[PDB]
file input-v1.cif (mmCIF, C-alpha atoms and all ligand atoms)
data_start
#
loop_
_atom_site.label_atom_id
_atom_site.label_comp_id
_atom_site.auth_asym_id
_atom_site.auth_seq_id
_atom_site.Cartn_x
_atom_site.Cartn_y
_atom_site.Cartn_z
CA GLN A 1 0.00 0.00 0.00
CA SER A 2 0.91 3.68 -0.16
CA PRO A 3 3.38 4.82 2.54
CA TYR A 4 1.77 8.32 2.45
CA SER A 5 -1.22 7.75 4.70
CA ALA A 6 -2.20 8.29 8.30
CA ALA A 7 -2.30 4.53 8.93
CA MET A 8 1.23 4.02 7.64
CA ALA A 9 2.47 7.06 9.60
CA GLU A 10 1.06 5.53 12.79
CA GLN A 11 2.63 2.15 11.99
CA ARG A 12 6.03 3.77 11.41
CA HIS A 13 5.64 5.72 14.67
CA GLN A 14 4.90 2.56 16.66
CA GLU A 15 7.79 0.62 15.06
CA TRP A 16 10.17 3.49 15.82
CA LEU A 17 9.06 3.73 19.45
CA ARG A 18 9.53 -0.03 19.76
CA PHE A 19 13.13 0.29 18.62
CA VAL A 20 13.69 3.19 21.04
CA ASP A 21 12.41 1.14 23.97
CA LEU A 22 14.42 -1.91 22.88
CA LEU A 23 17.64 0.12 22.85
CA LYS A 24 16.72 1.68 26.20
CA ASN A 25 16.38 -1.79 27.71
CA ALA A 26 19.64 -2.84 26.02
CA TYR A 27 21.42 0.06 27.74
CA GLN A 28 19.80 -0.98 31.02
CA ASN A 29 21.19 -4.52 30.53
CA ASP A 30 24.64 -3.48 29.19
CA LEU A 31 23.78 -4.91 25.77
CA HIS A 32 23.75 -1.59 23.90
CA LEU A 33 27.03 -2.18 22.04
CA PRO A 34 26.14 -5.54 20.39
CA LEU A 35 22.57 -4.37 19.75
CA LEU A 36 23.82 -1.31 17.89
CA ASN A 37 26.29 -3.51 15.97
CA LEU A 38 23.38 -5.70 14.88
CA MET A 39 20.93 -2.90 14.08
CA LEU A 40 23.29 -0.48 12.27
CA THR A 41 25.72 -1.12 9.42
CA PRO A 42 29.39 -0.11 9.85
CA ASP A 43 28.96 2.87 7.52
CA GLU A 44 25.91 4.02 9.53
CA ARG A 45 27.89 3.84 12.77
CA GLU A 46 30.71 5.81 11.14
CA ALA A 47 28.18 8.39 9.97
CA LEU A 48 26.71 8.73 13.47
CA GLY A 49 30.18 9.30 14.89
CA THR A 50 30.83 11.99 12.31
CA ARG A 51 27.49 13.69 12.85
CA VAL A 52 28.29 14.07 16.54
CA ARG A 53 31.40 16.05 15.54
CA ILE A 54 29.43 18.13 13.04
CA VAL A 55 26.86 19.07 15.69
CA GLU A 56 29.66 19.87 18.15
CA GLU A 57 31.49 22.15 15.74
CA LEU A 58 28.32 23.90 14.56
CA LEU A 59 27.42 24.63 18.19
CA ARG A 60 30.99 25.78 18.90
CA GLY A 61 30.94 28.04 15.86
CA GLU A 62 34.68 28.46 15.30
CA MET A 63 35.18 26.47 12.08
CA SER A 64 33.80 27.76 8.79
CA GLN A 65 32.54 25.86 5.72
CA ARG A 66 35.78 24.64 4.13
CA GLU A 67 37.20 23.89 7.58
CA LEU A 68 34.34 21.52 8.42
CA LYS A 69 34.55 19.99 4.94
CA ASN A 70 38.28 19.30 5.07
CA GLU A 71 38.33 18.12 8.69
CA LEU A 72 35.22 15.91 8.69
CA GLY A 73 34.75 15.11 5.01
CA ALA A 74 31.26 16.66 5.12
CA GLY A 75 30.20 18.63 2.07
CA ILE A 76 28.26 21.87 2.21
CA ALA A 77 24.89 20.14 1.71
CA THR A 78 25.48 17.81 4.67
CA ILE A 79 26.55 20.72 6.88
CA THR A 80 23.50 22.77 5.89
CA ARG A 81 21.20 19.86 6.68
CA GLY A 82 22.85 19.39 10.07
CA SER A 83 22.43 23.12 10.72
CA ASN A 84 18.72 22.83 9.81
CA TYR A 85 18.30 19.93 12.24
CA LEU A 86 20.03 21.94 14.97
CA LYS A 87 17.79 24.94 14.32
CA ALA A 88 14.77 22.62 14.67
CA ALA A 89 16.00 20.95 17.88
CA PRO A 90 14.09 21.70 21.10
CA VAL A 91 15.82 24.19 23.37
CA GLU A 92 16.39 21.65 26.16
CA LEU A 93 18.29 19.33 23.82
CA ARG A 94 20.43 22.12 22.36
CA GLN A 95 21.37 23.52 25.78
CA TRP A 96 22.21 20.03 27.06
CA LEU A 97 24.36 19.41 23.96
CA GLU A 98 26.21 22.67 24.50
CA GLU A 99 26.83 21.55 28.09
CA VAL A 100 27.94 17.98 27.36
CA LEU A 101 29.81 18.46 24.05
CA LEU A 102 31.57 21.80 24.61
CA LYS A 103 32.43 21.68 28.33
CA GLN B 1 44.04 10.44 3.29
CA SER B 2 43.02 6.77 3.22
CA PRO B 3 39.92 5.35 4.94
CA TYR B 4 41.65 1.93 4.98
CA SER B 5 44.31 2.73 7.55
CA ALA B 6 44.93 1.80 11.18
CA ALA B 7 44.85 5.42 12.39
CA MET B 8 41.50 5.96 10.66
CA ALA B 9 40.22 2.75 12.24
CA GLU B 10 41.15 4.16 15.66
CA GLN B 11 39.41 7.46 14.91
CA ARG B 12 36.27 5.53 13.90
CA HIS B 13 36.38 3.58 17.18
CA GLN B 14 36.68 6.83 19.16
CA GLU B 15 33.90 8.76 17.39
CA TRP B 16 31.49 5.83 17.51
CA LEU B 17 32.06 5.31 21.24
CA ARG B 18 31.51 9.03 21.84
CA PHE B 19 28.12 8.74 20.14
CA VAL B 20 27.25 5.62 22.17
CA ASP B 21 28.09 7.45 25.41
CA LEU B 22 26.21 10.58 24.34
CA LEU B 23 23.07 8.57 23.66
CA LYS B 24 23.44 6.70 26.97
CA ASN B 25 23.53 10.09 28.69
CA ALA B 26 20.55 11.31 26.65
CA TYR B 27 18.48 8.30 27.76
CA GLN B 28 19.51 9.03 31.35
CA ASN B 29 18.25 12.61 30.91
CA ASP B 30 15.03 11.75 28.99
CA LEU B 31 16.44 13.47 25.88
CA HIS B 32 16.86 10.35 23.74
CA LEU B 33 13.85 11.09 21.54
CA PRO B 34 14.99 14.57 20.37
CA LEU B 35 18.63 13.47 20.16
CA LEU B 36 17.64 10.59 17.87
CA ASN B 37 15.53 12.94 15.78
CA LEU B 38 18.62 15.14 15.41
CA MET B 39 21.17 12.39 14.66
CA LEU B 40 19.08 10.12 12.40
CA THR B 41 17.13 11.10 9.31
CA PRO B 42 13.47 9.99 9.07
CA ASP B 43 14.31 7.20 6.59
CA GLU B 44 17.01 5.89 8.95
CA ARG B 45 14.58 5.80 11.87
CA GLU B 46 12.04 4.04 9.64
CA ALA B 47 14.68 1.49 8.62
CA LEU B 48 15.55 0.85 12.28
CA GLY B 49 11.89 0.27 13.11
CA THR B 50 11.67 -2.22 10.24
CA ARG B 51 14.93 -3.94 11.20
CA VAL B 52 13.48 -4.70 14.64
CA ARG B 53 10.61 -6.56 12.96
CA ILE B 54 12.97 -8.38 10.60
CA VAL B 55 15.08 -9.59 13.54
CA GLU B 56 11.95 -10.58 15.47
CA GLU B 57 10.49 -12.63 12.62
CA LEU B 58 13.84 -14.24 11.79
CA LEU B 59 14.20 -15.36 15.40
CA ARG B 60 10.58 -16.54 15.53
CA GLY B 61 11.17 -18.67 12.45
CA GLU B 62 7.51 -18.77 11.38
CA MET B 63 7.44 -16.53 8.28
CA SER B 64 9.16 -17.46 5.03
CA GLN B 65 11.09 -15.24 2.60
CA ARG B 66 8.23 -14.06 0.39
CA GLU B 67 6.02 -13.54 3.45
CA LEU B 68 8.68 -11.41 5.15
CA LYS B 69 9.15 -9.45 1.91
CA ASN B 70 5.44 -8.81 1.35
CA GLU B 71 4.76 -7.90 4.99
CA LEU B 72 7.78 -5.66 5.67
CA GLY B 73 8.69 -4.55 2.15
CA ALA B 74 12.21 -5.94 2.65
CA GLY B 75 13.74 -7.77 -0.29
CA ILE B 76 15.61 -11.05 -0.14
CA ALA B 77 19.04 -9.36 0.03
CA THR B 78 18.07 -7.28 3.08
CA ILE B 79 16.61 -10.33 4.86
CA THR B 80 19.72 -12.34 4.06
CA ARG B 81 22.00 -9.65 5.49
CA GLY B 82 19.86 -9.43 8.63
CA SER B 83 20.09 -13.20 9.01
CA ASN B 84 23.89 -12.96 8.62
CA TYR B 85 24.10 -10.30 11.35
CA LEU B 86 21.90 -12.40 13.64
CA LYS B 87 24.10 -15.44 13.01
CA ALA B 88 27.13 -13.34 13.99
CA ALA B 89 25.52 -11.80 17.08
CA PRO B 90 27.04 -12.73 20.44
CA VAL B 91 25.13 -15.39 22.36
CA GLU B 92 24.11 -12.99 25.14
CA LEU B 93 22.51 -10.55 22.70
CA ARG B 94 20.67 -13.28 20.78
CA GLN B 95 19.28 -14.94 23.92
CA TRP B 96 18.19 -11.51 25.18
CA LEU B 97 16.48 -10.68 21.87
CA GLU B 98 14.59 -13.98 22.02
CA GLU B 99 13.59 -13.14 25.60
CA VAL B 100 12.33 -9.61 24.89
CA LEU B 101 11.04 -9.75 21.28
CA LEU B 102 9.17 -13.06 21.46
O1 LIG A 201 21.25 14.89 6.60
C1 LIG A 201 22.23 14.11 6.66
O2 LIG A 201 23.14 14.12 5.78
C2 LIG A 201 22.30 13.16 7.82
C3 LIG A 201 22.40 13.88 9.14
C4 LIG A 201 21.45 13.51 10.07
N1 LIG A 201 21.67 14.22 11.22
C5 LIG A 201 22.76 15.05 11.00
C6 LIG A 201 23.43 15.97 11.83
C7 LIG A 201 24.53 16.67 11.35
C8 LIG A 201 24.98 16.45 10.06
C9 LIG A 201 24.33 15.54 9.23
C10 LIG A 201 23.21 14.83 9.72
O1 LIG A 202 22.33 -4.56 5.84
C1 LIG A 202 21.24 -3.94 5.82
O2 LIG A 202 20.47 -4.02 4.83
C2 LIG A 202 20.86 -3.07 6.98
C3 LIG A 202 20.58 -3.86 8.25
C4 LIG A 202 21.40 -3.52 9.30
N1 LIG A 202 21.02 -4.29 10.39
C5 LIG A 202 19.97 -5.09 9.99
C6 LIG A 202 19.20 -6.05 10.68
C7 LIG A 202 18.18 -6.73 10.03
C8 LIG A 202 17.90 -6.46 8.69
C9 LIG A 202 18.66 -5.51 8.01
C10 LIG A 202 19.69 -4.82 8.67
#

call {"tool": "encode", "arguments": {"input": "input-v1.cif", "output": "structure tokens", "more": "lines below"}}
Ligand SMILES: O=C(O)Cc1c[nH]c2ccccc12
Ligand SMILES: O=C(O)Cc1c[nH]c2ccccc12
result
Amino acid sequence: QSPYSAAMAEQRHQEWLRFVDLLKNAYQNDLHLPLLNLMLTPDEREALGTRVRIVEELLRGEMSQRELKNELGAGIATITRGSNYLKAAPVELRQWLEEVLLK
Amino acid sequence: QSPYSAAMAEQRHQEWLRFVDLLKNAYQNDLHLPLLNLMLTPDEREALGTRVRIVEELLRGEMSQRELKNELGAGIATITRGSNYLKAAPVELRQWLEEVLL
């Protein structure tokens, strides 16, 4: 069926929340590392590691475009998307990220 | 430089573990949902939700290949890779997944 429907949106939402609770329980049982190895490909794990550094440097604000590109391998489009995500983040998350990533 | 180097392997280890620790801390602070919305695109979150069901139905062993494909939209190659990962999973993870998913 069509993925663009309320019913499919609700199904995706429930499946996503199930994964979030599964990983929560994995953390609670010290199984987070093998679970994330199973559920994410190596390139996806590498990308997540890089996106942490992109968010950190965007929040810091000291590197420019070409600096971020040459240091992290992230082109301008990727950086702009990350900046859009950061702009859309709730204030509590952004302030916590400033705290934990920059201090 | 080269992605296929020992130094780059070490950098990958470090950056991945920093993400794992950040997300641990986000769960501890009830910020995991917005952090995951920030670090994963919608299609990646959708894929993760589907991968949970793939792993569940592989462990259950009741659905076949065409059934898994028609129910989850996941082709044979994706199911085969998931089965490979499950075969390579450590015993403790697999027994836990059977405990919690079934
Ligand atoms: O849009 C992308 O290329 C993926 C992506 C998801 N969250 C991000 C945060 C910072 C930089 C890139 C991404
Ligand atoms: O290889 C893939 O297609 C992605 C993938 C990563 N972990 C998985 C678990 C089950 C099914 C597919 C995947």

call {"tool": "closest_residue", "arguments": {"input": "input-v1.cif", "among": "A:103, A:45, A:12, A:32", "to": "ligand LIG 202 (chain A)", "atoms": "only C-alpha atoms and all ligand atoms"}}
result
A:45

call {"tool": "residues_near_ligand", "arguments": {"input": "input-v1.cif", "ligand": "ligand LIG 201 (chain A)", "cutoff": "7 Å", "atoms": "all atoms listed in the file", "output": "list in words"}}
result
residues 51, 52, 54, 55, 78, 79, 81, 82, 83 and 85 of chain A; 38, 39, 40 and 41 of chain B

call {"tool": "atom_distance", "arguments": {"input": "input-v1.cif", "atom1": "CA of residue 49 in chain B", "atom2": "CA of residue 100 in chain A"}}
result
27.8 Å

call {"tool": "closest_residue", "arguments": {"input": "input-v1.cif", "among": "A:50, A:84, A:95, A:41", "to": "ligand LIG 202 (chain A)", "atoms": "only C-alpha atoms and all ligand atoms"}}
result
A:41

call {"tool": "atom_distance", "arguments": {"input": "input-v1.cif", "atom1": "CA of residue 48 in chain A", "atom2": "CA of residue 45 in chain B"}}
result
12.6 Å

call {"tool": "atom_distance", "arguments": {"input": "input-v1.cif", "atom1": "CA of residue 79 in chain B", "atom2": "CA of residue 98 in chain B"}}
result
17.7 Å

call {"tool": "closest_residue", "arguments": {"input": "input-v1.cif", "among": "B:53, B:12, B:18, B:60", "to": "ligand LIG 202 (chain A)", "atoms": "only C-alpha atoms and all ligand atoms"}}
result
B:53

call {"tool": "axis_aligned_box", "arguments": {"input": "input-v1.cif", "around": "range 50-69 of chain A", "padding_each_side": "5 Å", "output": "JSON"}}
result
{"center_x": 32.0, "center_y": 20.2, "center_z": 11.5, "size_x": 20.3, "size_y": 26.5, "size_z": 24.8}

call {"tool": "residues_near_ligand", "arguments": {"input": "input-v1.cif", "ligand": "ligand LIG 202 (chain A)", "cutoff": "8 Å", "atoms": "all atoms listed in the file", "output": "MDAnalysis selection string"}}
result
(chainID A and resid 37:41) or (chainID B and resid 47:48 50:52 54:55 77:83 85:86)

call {"tool": "closest_residue", "arguments": {"input": "input-v1.cif", "among": "A:2, A:91, A:99, A:19", "to": "chain B", "atoms": "all atoms listed in the file"}}
result
A:19

call {"tool": "closest_residue", "arguments": {"input": "input-v1.cif", "among": "B:92, B:67, B:56, B:62", "to": "chain A", "atoms": "only C-alpha atoms"}}
result
B:92
